[PDB]
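Chain by chain, the residues:
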Number of protein chains: 2
Amino acid sequence: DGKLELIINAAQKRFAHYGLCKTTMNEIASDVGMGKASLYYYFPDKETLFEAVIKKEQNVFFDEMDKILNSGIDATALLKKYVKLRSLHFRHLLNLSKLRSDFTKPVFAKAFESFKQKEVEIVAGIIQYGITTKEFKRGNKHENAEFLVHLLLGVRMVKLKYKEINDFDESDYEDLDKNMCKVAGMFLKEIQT
Amino acid sequence: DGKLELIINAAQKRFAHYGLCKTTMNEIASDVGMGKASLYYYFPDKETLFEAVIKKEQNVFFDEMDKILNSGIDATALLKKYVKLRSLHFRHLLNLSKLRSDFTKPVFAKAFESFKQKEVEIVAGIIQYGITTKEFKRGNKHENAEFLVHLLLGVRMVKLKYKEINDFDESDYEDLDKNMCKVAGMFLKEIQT
């Protein structure tokens, strides 16, 4: 019934620890206590399972966004809390993928672009609350929203190419994170009123 | 003596109008009034000639930077004039390349990284003048410098992948340019004093 969920979770951990390439369907089967024969009923390809895991992770972001958003702090505190959360998401994905996932197939072509659009929308919503709450000036909520989202994406993009799957330290994330704030911080002053 | 320079200029135009792939050594020879046999004395590969053209273009950026920098306007006016110039450079390169040049071989691996470092340095120098001129607070001139440079690079990176060699309009550059200011503008307020 929710064995799927078991298979997904198993998979998540494997990929988190070892990645996609070194990981094996015989392994994931072992983990859930099944047999490839059974696993293939749910997934007929390591890539498909990986996508499930990506999608689970994307949902976790939204769930946490919902928490922040229903926590009733101000427009600014939300925006910042978002940046942190967006940053940590990126971290999860790099830790599962370790490859050329971000730097890009047709499926992921779409999982990206939808997320990036959901994201712009979430942000437009915080801007909107700020506007009404009167913390932010109106403003094209939407233009700004995109800008912030793109600004953050650029931080992430410049930091890769820059580094490599292996050539990546723990200070490499402190960098991402610390930069994404700088940007967040500056964006806020472009609308603080 | 300076036939090289002729060959480079010929090449520049061809590539500007038609690109690298559709362009031909027999064509460039025609242009300068030579023969492949002679052209190959200067260049033994279309790629090599292309690099010369990239390097000529990179030098033109520096030459213009030198003009701006010896024009004695303030730290702010220079910084902005730089962003415009950096933007226009990017424009030149996309117009010569129309391919996966930016999105990346070993040679260009280096032409990029050196430029990006010369660039950080130029910028550190404007920051430094601002500091002494007392327009900008000190400040880690260097951290900031990088940040601005990376910020601009991100605008460029997000705008590609986003589009394609062909799927790129004239409004696509108005976008680049207009975004790179937004960023410039915001950066300035992070140090205006």
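Criteria and cut-off values
- Residues numbered from 1 in each chain as written, not as in the entry; some residues may be left out.
- Chains lettered and ligands numbered in written order.
- Heavy atoms only, no water.
- Residues with missing side-chain atoms left out of burial classes, pairs and counts.
- Least-squares fit on C-alpha atoms.
- Contact = heavy atoms within 4.5 Å.
- Core = buried A, V, L, I, M, F, W, Y, C linked by side-chain atoms within 4.5 Å.
- Buried < 20%, exposed > 50% of the residue type's maximum accessible area, 1.4 Å probe, protein only.
- Domains from an automatic or database assignment.
- Buried area = accessible area lost by both parts, 1.4 Å probe.
- Salt bridge = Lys/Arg side-chain N within 4 Å of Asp/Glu carboxyl O.
- Polar contact = N/O pair within 3.5 Å; in protein donor to acceptor, adjacent residues only side chain to side chain.
- Helix = DSSP H or I, 4+ residues; strand = E, 2+ residues; numbered from the N terminus.

- Header annotation of the entry names X-ray crystallography as the structure determination method and lists the resolution as 2.96 Å.

- Named according to the PDB entry, chain A is Transcriptional regulator originating from Cytophaga hutchinsonii.
- Per the PDB header, the entry is named "Crystal structure of transcriptional regulator from Cytophaga hutchinsonii ATCC 33406".

Things to note about the relation of the copies chain A and chain B
Argument step 1. Turning chain A through 180 degrees and shifting it by 0.0 Å along the axis lays it on chain B, with an RMSD of 0.0 Å. Within this description, the copies of the chain are treated as partners about a two-fold rotation axis. When each C-alpha of chain A is compared by its distance to the rotation axis, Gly154 of chain A comes out closest, at 2.0 Å.
Argument step 2. With an isologous cut-off of 70% or more, the 100% of interface residues of chain A that recur at the interface of chain B puts this contact in the isologous class.

Describing the nonpolar core
Argument step 1. The biggest cluster of nonpolar side chains holds 76 residues, and the ones touching the most others in it are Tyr82 and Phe187 of chain A together with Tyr82 and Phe187 of chain B.
Argument step 2. With residues up to four places along the chain from it excluded, the contact list for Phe187 of chain B reads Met186 of chain A together with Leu79, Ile127, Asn144, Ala145, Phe147, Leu148 and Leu151 of chain B.

Some thoughts on the domain arrangement of chain A
Residue and element names in this part refer to chain A.
Argument step 1. In terms of domain boundaries, chain A breaks down into domain 1 (1-49) and domain 2 (50-193).
Argument step 2. Once you take the C-alpha centre of each, domain 1 and domain 2 turn out to be 28 Å apart.
Argument step 3. Facing 15 residues of domain 1, the contacting portion of domain 2 comprises nine residues.
Argument step 4. When the two sides are added together, the surface that domain 1 and domain 2 hide from each other amounts to roughly 970 Å², 55% of it contributed by carbon and sulfur.
Argument step 5. Counting the surface domain 1 buries against domain 2, the share from its top three residues, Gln12, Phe15 and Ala16, is 43%.
Argument step 6. Scanning the region where domain 1 abuts domain 2 turns up zero salt bridges.
Argument step 7. Counting the contacts that link domain 1 with domain 2 gives 12 residue pairs in polar contact.
Argument step 8. Among the elements that line the side of domain 1 that touches domain 2, the one with the most residues is helix α1 (residues 3-18), at eight residues.

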